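These notes are about the structure you will find just below.
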Amino acid sequence: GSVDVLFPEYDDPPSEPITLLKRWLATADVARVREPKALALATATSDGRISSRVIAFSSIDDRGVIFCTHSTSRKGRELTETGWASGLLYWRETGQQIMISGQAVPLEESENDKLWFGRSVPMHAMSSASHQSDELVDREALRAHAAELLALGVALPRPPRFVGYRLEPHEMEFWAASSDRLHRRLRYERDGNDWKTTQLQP
Amino acid sequence: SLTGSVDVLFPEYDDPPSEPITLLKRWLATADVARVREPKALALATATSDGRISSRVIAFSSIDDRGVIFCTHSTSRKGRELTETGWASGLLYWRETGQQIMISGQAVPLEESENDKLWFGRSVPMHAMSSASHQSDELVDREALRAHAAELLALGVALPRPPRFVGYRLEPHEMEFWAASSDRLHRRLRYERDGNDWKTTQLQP
Ligand SMILES: Cc1cc2nc3c(=O)[nH]c(=O)nc-3n(C[C@H](O)[C@H](O)[C@H](O)COP(=O)(O)O)c2cc1C
Ligand SMILES: Cc1cc2nc3c(=O)[nH]c(=O)nc-3n(C[C@H](O)[C@H](O)[C@H](O)COP(=O)(O)O)c2cc1C
């Protein structure tokens, strides 16, 4: 079932691409795709070097894709420097890719608090203990610090570096594999105000 | 299933090989033992002149001592971006073992003799569709494209390599190897080019 998945929207696309993104994620859940929200997120520094890492996005709203990270991380510094990001979903089970490219906009502090509060107690402990992407000086010390934080046995406050971003799409591409190699490619791009769609050669 | 997706062994975290490609190859070989599905599916990111980034999956052909070899159309979006700005980053992620590998570098075009060999190693149906398609250009008539690919296959003549079909080597200046840990202190090993040598660092998760 990794080829020729149903894609009626290829010929009749929704006005907004986030609508199709949500529909695809729902079908992925029905197909029991493993970790469908694991997004390969690329960012860049100003000189143009690009970096990448997996991010499991938190949610989707009508304006974009929400994720959280440490602002002092490597991706954090790059998001602050240039703003540009490109996230890629790829589901091996269904032969589908979704590319979401645009600007990552920092969320408000109330939104950051909500993102932190939503997570588990063990997550809070290591995320409070670790300064993501800084050099690790002493593995044993960092483990012990996370364990001491966990043992406080109460809800830990949000570290100031723990922040959310909304990836606001400027362009999105949907790709669905075809057994005859003529893959279905649907591209959305911002043309002044609104969305222009096109089908692409494979 | 032959592994959990946490706590895979990673002895190189505390004693890294001098060259990161050596570790990349070891990881890919272990990924095959672990029966990882499509381990070579690389999320390849490129950028245009103004810094806008785009990404897509590429399945790389091979790995030599200098980098990761892949093929694509030079006139595709990625091909134009590589020509414009050079920098690229590729990400591998294996759900079955909890591992990711980040390869950041420049894509160096291969020689024409290498491109010819790569085209020869492909099937005639691949030749026909690759010849009939201008990757990433607007598709105006789908049935026409399908029909032209079928015509090329039916001729039974050797199909020439279109000049747009080319290979690149992604040559790293930076790599990171990441392996999940159940206690959340994930193993993170960064390689950065340092002249003719490499420098390594362990990172906080
Ligand atoms: C499945 C998966 C999900 C992840 N989700 C996040 C996440 O939501 N936020 C985050 O900061 N890192 C997440 N990570 C860790 C990142 O891949 C990366 O290691 C970390 O964010 C540091 O990246 P950087 O050094 O490029 O800034 C996740 C990793 C995996 C494998
Ligand atoms: C599993 C997988 C492997 C792929 N391998 C390649 C490849 O080796 N070369 C290629 O040009 N496109 C490959 N593609 C298609 C790309 O994802 C993408 O559609 C394409 O190359 C056009 O990208 P662009 O418009 O960003 O240039 C692959 C897609 C998938 C899902």
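Residues are referred to by chain and number: the chain letter is A, B, ... according to the order shown in the structure tokens, the number counts from 1 in that chain, and ligands are numbered separately from 1 in the order shown.
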Closest atom pairs, residues of chain B within 10 Å of ligand 2, only C-alpha atoms and all ligand atoms, as JSON lines:
{"residue": "B:38", "atom": "CA", "partner": "ligand 2", "partner_atom_place_in_ligand_line": "1 (C)", "distance": 7.4}
{"residue": "B:39", "atom": "CA", "partner": "ligand 2", "partner_atom_place_in_ligand_line": "1 (C)", "distance": 9.7}
{"residue": "B:40", "atom": "CA", "partner": "ligand 2", "partner_atom_place_in_ligand_line": "1 (C)", "distance": 8.2}
{"residue": "B:41", "atom": "CA", "partner": "ligand 2", "partner_atom_place_in_ligand_line": "1 (C)", "distance": 5.5}
{"residue": "B:42", "atom": "CA", "partner": "ligand 2", "partner_atom_place_in_ligand_line": "3 (C)", "distance": 7.9}
{"residue": "B:43", "atom": "CA", "partner": "ligand 2", "partner_atom_place_in_ligand_line": "17 (O)", "distance": 8.3}
{"residue": "B:44", "atom": "CA", "partner": "ligand 2", "partner_atom_place_in_ligand_line": "26 (O)", "distance": 8.5}
{"residue": "B:45", "atom": "CA", "partner": "ligand 2", "partner_atom_place_in_ligand_line": "26 (O)", "distance": 8.4}
{"residue": "B:46", "atom": "CA", "partner": "ligand 2", "partner_atom_place_in_ligand_line": "26 (O)", "distance": 8.3}
{"residue": "B:53", "atom": "CA", "partner": "ligand 2", "partner_atom_place_in_ligand_line": "26 (O)", "distance": 10.0}
{"residue": "B:54", "atom": "CA", "partner": "ligand 2", "partner_atom_place_in_ligand_line": "26 (O)", "distance": 6.4}
{"residue": "B:55", "atom": "CA", "partner": "ligand 2", "partner_atom_place_in_ligand_line": "26 (O)", "distance": 5.9}
{"residue": "B:56", "atom": "CA", "partner": "ligand 2", "partner_atom_place_in_ligand_line": "17 (O)", "distance": 4.4}
{"residue": "B:57", "atom": "CA", "partner": "ligand 2", "partner_atom_place_in_ligand_line": "17 (O)", "distance": 4.0}
{"residue": "B:58", "atom": "CA", "partner": "ligand 2", "partner_atom_place_in_ligand_line": "5 (N)", "distance": 3.7}
{"residue": "B:59", "atom": "CA", "partner": "ligand 2", "partner_atom_place_in_ligand_line": "5 (N)", "distance": 4.2}
{"residue": "B:60", "atom": "CA", "partner": "ligand 2", "partner_atom_place_in_ligand_line": "8 (O)", "distance": 5.8}
{"residue": "B:61", "atom": "CA", "partner": "ligand 2", "partner_atom_place_in_ligand_line": "8 (O)", "distance": 7.3}
{"residue": "B:69", "atom": "CA", "partner": "ligand 2", "partner_atom_place_in_ligand_line": "8 (O)", "distance": 9.4}
{"residue": "B:70", "atom": "CA", "partner": "ligand 2", "partner_atom_place_in_ligand_line": "8 (O)", "distance": 5.9}
{"residue": "B:71", "atom": "CA", "partner": "ligand 2", "partner_atom_place_in_ligand_line": "9 (N)", "distance": 5.1}
{"residue": "B:72", "atom": "CA", "partner": "ligand 2", "partner_atom_place_in_ligand_line": "11 (O)", "distance": 3.5}
{"residue": "B:73", "atom": "CA", "partner": "ligand 2", "partner_atom_place_in_ligand_line": "11 (O)", "distance": 5.8}
{"residue": "B:74", "atom": "CA", "partner": "ligand 2", "partner_atom_place_in_ligand_line": "27 (O)", "distance": 8.5}
{"residue": "B:75", "atom": "CA", "partner": "ligand 2", "partner_atom_place_in_ligand_line": "27 (O)", "distance": 7.9}
{"residue": "B:76", "atom": "CA", "partner": "ligand 2", "partner_atom_place_in_ligand_line": "27 (O)", "distance": 4.2}
{"residue": "B:77", "atom": "CA", "partner": "ligand 2", "partner_atom_place_in_ligand_line": "27 (O)", "distance": 3.6}
{"residue": "B:78", "atom": "CA", "partner": "ligand 2", "partner_atom_place_in_ligand_line": "27 (O)", "distance": 3.8}
{"residue": "B:79", "atom": "CA", "partner": "ligand 2", "partner_atom_place_in_ligand_line": "27 (O)", "distance": 6.1}
{"residue": "B:80", "atom": "CA", "partner": "ligand 2", "partner_atom_place_in_ligand_line": "27 (O)", "distance": 7.9}
{"residue": "B:81", "atom": "CA", "partner": "ligand 2", "partner_atom_place_in_ligand_line": "27 (O)", "distance": 8.4}
{"residue": "B:82", "atom": "CA", "partner": "ligand 2", "partner_atom_place_in_ligand_line": "27 (O)", "distance": 9.7}
{"residue": "B:130", "atom": "CA", "partner": "ligand 2", "partner_atom_place_in_ligand_line": "11 (O)", "distance": 9.3}
{"residue": "B:134", "atom": "CA", "partner": "ligand 2", "partner_atom_place_in_ligand_line": "22 (C)", "distance": 9.8}
{"residue": "B:135", "atom": "CA", "partner": "ligand 2", "partner_atom_place_in_ligand_line": "22 (C)", "distance": 6.1}
{"residue": "B:136", "atom": "CA", "partner": "ligand 2", "partner_atom_place_in_ligand_line": "25 (O)", "distance": 4.5}
{"residue": "B:137", "atom": "CA", "partner": "ligand 2", "partner_atom_place_in_ligand_line": "25 (O)", "distance": 8.0}
{"residue": "B:165", "atom": "CA", "partner": "ligand 2", "partner_atom_place_in_ligand_line": "11 (O)", "distance": 8.7}
{"residue": "B:166", "atom": "CA", "partner": "ligand 2", "partner_atom_place_in_ligand_line": "11 (O)", "distance": 9.3}
{"residue": "B:167", "atom": "CA", "partner": "ligand 2", "partner_atom_place_in_ligand_line": "9 (N)", "distance": 9.2}
Got a sec to check which residues lie within 8 Å of ligand 1, using only C-alpha atoms and all ligand atoms, and send them as number ranges by chain?
A: 35, 38-39, 51-58, 67-70, 72-77, 132-133; B: 93, 95, 98-100, 178-180, 188, 203, 205
Run DSSP on the backbone and give me the residues of stretch 53-173 of chain B it puts in helix (DSSP H, G or I), as a VMD selection string.
chain B and resid 77 to 85 112 to 120 124 to 132 142 to 155
Create the file for the chosen residues now, containing N, CA and C atoms and written as a short mmCIF file (atom, residue, chain, number, x, y, z; two decimals), in the first residue's frame.
data_model
loop_
_atom_site.label_atom_id
_atom_site.label_comp_id
_atom_site.auth_asym_id
_atom_site.auth_seq_id
_atom_site.Cartn_x
_atom_site.Cartn_y
_atom_site.Cartn_z
N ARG B 77 14.15 21.87 -8.89
CA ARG B 77 14.30 22.91 -7.90
C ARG B 77 15.57 22.72 -7.10
N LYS B 78 15.86 21.48 -6.69
CA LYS B 78 17.06 21.25 -5.89
C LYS B 78 18.30 21.53 -6.73
N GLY B 79 18.20 21.22 -8.02
CA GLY B 79 19.35 21.33 -8.90
C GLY B 79 19.70 22.81 -9.10
N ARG B 80 18.67 23.62 -9.30
CA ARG B 80 18.88 25.05 -9.46
C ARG B 80 19.42 25.63 -8.16
N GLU B 81 18.88 25.19 -7.02
CA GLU B 81 19.34 25.76 -5.74
C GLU B 81 20.80 25.37 -5.45
N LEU B 82 21.16 24.12 -5.72
CA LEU B 82 22.54 23.69 -5.56
C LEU B 82 23.49 24.52 -6.42
N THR B 83 23.09 24.81 -7.65
CA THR B 83 23.92 25.63 -8.52
C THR B 83 24.07 27.05 -7.98
N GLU B 84 22.99 27.59 -7.43
CA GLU B 84 22.97 28.97 -6.91
C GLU B 84 23.82 29.14 -5.66
N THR B 85 23.65 28.23 -4.70
CA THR B 85 24.16 28.47 -3.36
C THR B 85 25.12 27.38 -2.83
N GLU B 112 31.34 13.71 -16.14
CA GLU B 112 30.36 13.20 -17.09
C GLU B 112 30.47 11.69 -17.22
N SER B 113 31.67 11.14 -17.14
CA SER B 113 31.83 9.68 -17.23
C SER B 113 31.13 8.99 -16.05
N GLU B 114 31.19 9.61 -14.88
CA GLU B 114 30.46 9.09 -13.72
C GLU B 114 28.95 9.18 -13.95
N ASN B 115 28.48 10.29 -14.51
CA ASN B 115 27.05 10.43 -14.79
C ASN B 115 26.57 9.38 -15.78
N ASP B 116 27.40 9.09 -16.78
CA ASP B 116 27.02 8.09 -17.77
C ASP B 116 26.86 6.73 -17.10
N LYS B 117 27.77 6.39 -16.19
CA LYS B 117 27.72 5.10 -15.52
C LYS B 117 26.44 4.99 -14.69
N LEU B 118 26.10 6.08 -14.00
CA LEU B 118 24.93 6.08 -13.14
C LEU B 118 23.67 5.89 -13.97
N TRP B 119 23.60 6.54 -15.12
CA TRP B 119 22.46 6.37 -16.01
C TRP B 119 22.39 4.94 -16.53
N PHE B 120 23.54 4.36 -16.89
CA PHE B 120 23.56 2.97 -17.38
C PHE B 120 23.05 1.96 -16.35
N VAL B 124 15.31 0.52 -18.09
CA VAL B 124 14.80 1.25 -19.24
C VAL B 124 13.51 2.01 -18.88
N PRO B 125 12.64 1.42 -18.05
CA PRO B 125 11.48 2.23 -17.63
C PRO B 125 11.84 3.49 -16.87
N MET B 126 12.88 3.42 -16.04
CA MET B 126 13.38 4.62 -15.37
C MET B 126 13.90 5.61 -16.42
N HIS B 127 14.66 5.11 -17.40
CA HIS B 127 15.17 5.98 -18.48
C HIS B 127 14.05 6.69 -19.18
N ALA B 128 12.99 5.95 -19.46
CA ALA B 128 11.91 6.50 -20.26
C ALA B 128 11.19 7.61 -19.50
N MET B 129 10.89 7.40 -18.23
CA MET B 129 10.18 8.43 -17.48
C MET B 129 11.10 9.63 -17.20
N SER B 130 12.36 9.35 -16.88
CA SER B 130 13.32 10.41 -16.60
C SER B 130 13.57 11.27 -17.85
N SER B 131 13.50 10.65 -19.03
CA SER B 131 13.69 11.38 -20.28
C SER B 131 12.46 12.21 -20.63
N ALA B 132 11.28 11.65 -20.35
CA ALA B 132 10.00 12.27 -20.68
C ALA B 132 9.63 13.41 -19.75
N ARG B 142 -0.61 15.45 -18.31
CA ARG B 142 -0.17 14.22 -17.66
C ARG B 142 -0.23 13.00 -18.61
N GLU B 143 -1.33 12.87 -19.33
CA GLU B 143 -1.47 11.73 -20.24
C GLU B 143 -0.44 11.77 -21.36
N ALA B 144 -0.14 12.96 -21.86
CA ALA B 144 0.90 13.12 -22.86
C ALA B 144 2.25 12.66 -22.34
N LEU B 145 2.57 13.04 -21.10
CA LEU B 145 3.83 12.62 -20.49
C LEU B 145 3.86 11.09 -20.39
N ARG B 146 2.80 10.51 -19.84
CA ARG B 146 2.72 9.06 -19.74
C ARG B 146 2.91 8.40 -21.10
N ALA B 147 2.23 8.94 -22.11
CA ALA B 147 2.30 8.38 -23.47
C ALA B 147 3.70 8.46 -24.06
N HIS B 148 4.41 9.56 -23.80
CA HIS B 148 5.75 9.73 -24.37
C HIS B 148 6.72 8.76 -23.70
N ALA B 149 6.56 8.55 -22.40
CA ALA B 149 7.41 7.57 -21.73
C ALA B 149 7.20 6.19 -22.31
N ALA B 150 5.95 5.83 -22.58
CA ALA B 150 5.63 4.55 -23.19
C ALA B 150 6.25 4.39 -24.59
N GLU B 151 6.20 5.46 -25.38
CA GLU B 151 6.81 5.45 -26.72
C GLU B 151 8.30 5.19 -26.66
N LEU B 152 8.99 5.83 -25.72
CA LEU B 152 10.44 5.66 -25.61
C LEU B 152 10.77 4.22 -25.26
N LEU B 153 10.00 3.64 -24.35
CA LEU B 153 10.24 2.26 -23.97
C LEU B 153 10.01 1.29 -25.16
N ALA B 154 9.01 1.57 -25.98
CA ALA B 154 8.66 0.69 -27.08
C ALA B 154 9.66 0.70 -28.25
N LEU B 155 10.44 1.77 -28.39
CA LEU B 155 11.41 1.85 -29.48
C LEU B 155 12.39 0.69 -29.42
#
Neighbours of chain B in chain A at 7 Å, counting only C-alpha atoms, as JSON, numbers by chain
{"A": [40, 42, 48, 49, 50, 51, 52, 53, 84, 85, 86, 88, 99, 101, 126, 130, 131, 132, 133, 134, 135, 136, 143, 181, 198, 199, 200, 201, 202]}
Generate a file of the selected residues that holds C-alpha atoms, formatted as a short mmCIF file (atom, residue, chain, number, x, y, z; two decimals), in the first residue's frame.
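Contents of part09.cif, as written:
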data_model
loop_
_atom_site.label_atom_id
_atom_site.label_comp_id
_atom_site.auth_asym_id
_atom_site.auth_seq_id
_atom_site.Cartn_x
_atom_site.Cartn_y
_atom_site.Cartn_z
CA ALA A 40 12.93 16.73 9.22
CA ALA A 42 16.09 22.34 8.16
CA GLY A 48 24.06 29.96 4.06
CA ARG A 49 25.16 26.71 5.75
CA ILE A 50 22.10 24.54 6.32
CA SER A 51 21.51 22.19 9.28
CA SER A 52 18.83 19.56 9.94
CA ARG A 53 17.28 17.51 12.77
CA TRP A 84 13.62 30.44 7.41
CA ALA A 85 12.79 26.80 7.91
CA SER A 86 11.69 23.82 5.87
CA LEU A 88 9.66 17.46 5.61
CA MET A 99 7.12 19.71 2.43
CA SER A 101 8.54 25.78 3.99
CA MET A 126 15.80 16.49 31.45
CA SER A 130 20.04 20.08 29.70
CA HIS A 131 21.19 23.10 27.70
CA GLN A 132 20.36 21.65 24.34
CA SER A 133 23.27 21.54 21.90
CA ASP A 134 25.85 23.05 24.26
CA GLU A 135 28.92 20.90 24.76
CA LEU A 136 28.36 18.05 27.19
CA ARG A 143 22.02 12.49 34.51
CA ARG A 181 6.70 6.48 -11.79
CA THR A 198 0.26 23.74 -9.70
CA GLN A 199 0.98 20.13 -10.52
CA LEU A 200 4.64 19.24 -11.04
CA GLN A 201 6.50 16.82 -13.30
CA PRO A 202 8.06 13.91 -11.35
#
For atom CA of residue A:188 and atom CA of residue A:63, the interatomic separation in Å (one decimal)
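Atom-to-atom, atom CA of residue A:188 and atom CA of residue A:63 are spaced 14.5 Å apart.
Comparing B:15, B:171, B:64, B:7 by their smallest distance to residue B:107, the closest is B:171 (using only C-alpha atoms).
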Write out as number ranges by chain the residues lying within 8 Å of stretch 29-33 of chain B, counting only C-alpha atoms and excluding same-chain residues fewer than 4 positions away.
B: 25, 39, 94, 97
Those in stretch 13-88 of chain B with strand (DSSP E) from DSSP, as a count of residues only:
26
Please measure the separation of atom CA of residue A:176 and atom CA of residue A:197, giving the value in Å to one decimal.
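Computed distance, atom CA of residue A:176 to atom CA of residue A:197, equals 15.9 Å.
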Would you list the contacts of residue A:156 as a PDB file with C-alpha atoms, in the first residue's frame, taking every protein, DNA or RNA residue within 9 Å and counting only C-alpha atoms, but skipping same-chain residues closer than 4 positions in sequence?
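And here's around22.pdb as it stands now:
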ATOM      1  CA  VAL A 121       7.163  15.051  34.323  1.00  0.00           C
ATOM      2  CA  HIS A 124      10.443  18.463  32.204  1.00  0.00           C
ATOM      3  CA  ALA A 125      13.324  17.173  34.278  1.00  0.00           C
ATOM      4  CA  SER A 128      15.313  21.753  32.553  1.00  0.00           C
ATOM      5  CA  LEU A 149      15.048  17.825  39.451  1.00  0.00           C
ATOM      6  CA  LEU A 150      12.657  14.940  38.951  1.00  0.00           C
ATOM      7  CA  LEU A 152      11.723  17.645  43.625  1.00  0.00           C
TER       8      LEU A 152
END
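For residue A:168, the residues within 10 Å (counting only C-alpha atoms, excluding itself and residues fewer than 5 positions away along the chain) are residues 61, 62, 63, 64, 65, 66, 84, 85, 100, 101, 102, 103, 104 and 105 of chain A.
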Could you check the closest approach to residue B:9 for each of B:27, B:163, B:170, B:66 and tell me which residue wins, using only C-alpha atoms?
B:27
Quick one: distance from atom CA of residue B:8 to atom CA of residue A:2 in Å, one decimal?
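Separating atom CA of residue B:8 from atom CA of residue A:2 is a distance of 28.1 Å.
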Excluding residue A:11 and its own-chain neighbours fewer than 3 positions away, which residues fall within 9 Å of it when counting only C-alpha atoms? Please give them as a PyMOL selection string.
chain A and resi 7-8+186+199
Keeping N, CA, C and O atoms, export the residues of the selection given above as a PDB file, in the first residue's frame.
ATOM      1  N   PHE A   7      -5.745  10.177  -3.914  1.00  0.00           N
ATOM      2  CA  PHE A   7      -5.320  11.571  -3.900  1.00  0.00           C
ATOM      3  C   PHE A   7      -6.234  12.391  -4.821  1.00  0.00           C
ATOM      4  O   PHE A   7      -5.771  13.026  -5.780  1.00  0.00           O
ATOM      5  N   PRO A   8      -7.548  12.369  -4.542  1.00  0.00           N
ATOM      6  CA  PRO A   8      -8.491  13.098  -5.403  1.00  0.00           C
ATOM      7  C   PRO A   8      -8.200  14.604  -5.415  1.00  0.00           C
ATOM      8  O   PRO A   8      -8.517  15.282  -6.401  1.00  0.00           O
ATOM      9  N   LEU A 186       1.641  18.063  -6.010  1.00  0.00           N
ATOM     10  CA  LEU A 186       0.814  19.247  -5.919  1.00  0.00           C
ATOM     11  C   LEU A 186       1.555  20.301  -5.092  1.00  0.00           C
ATOM     12  O   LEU A 186       1.881  20.065  -3.917  1.00  0.00           O
ATOM     13  N   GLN A 199       0.455  21.488 -10.525  1.00  0.00           N
ATOM     14  CA  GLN A 199       0.977  20.133 -10.521  1.00  0.00           C
ATOM     15  C   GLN A 199       2.363  20.137 -11.133  1.00  0.00           C
ATOM     16  O   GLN A 199       2.615  20.882 -12.066  1.00  0.00           O
TER      17      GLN A 199
END
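Among the candidates A:164, A:192, A:17, A:95, the residue lying nearest to residue A:115 is A:164 (atoms considered: only C-alpha atoms).
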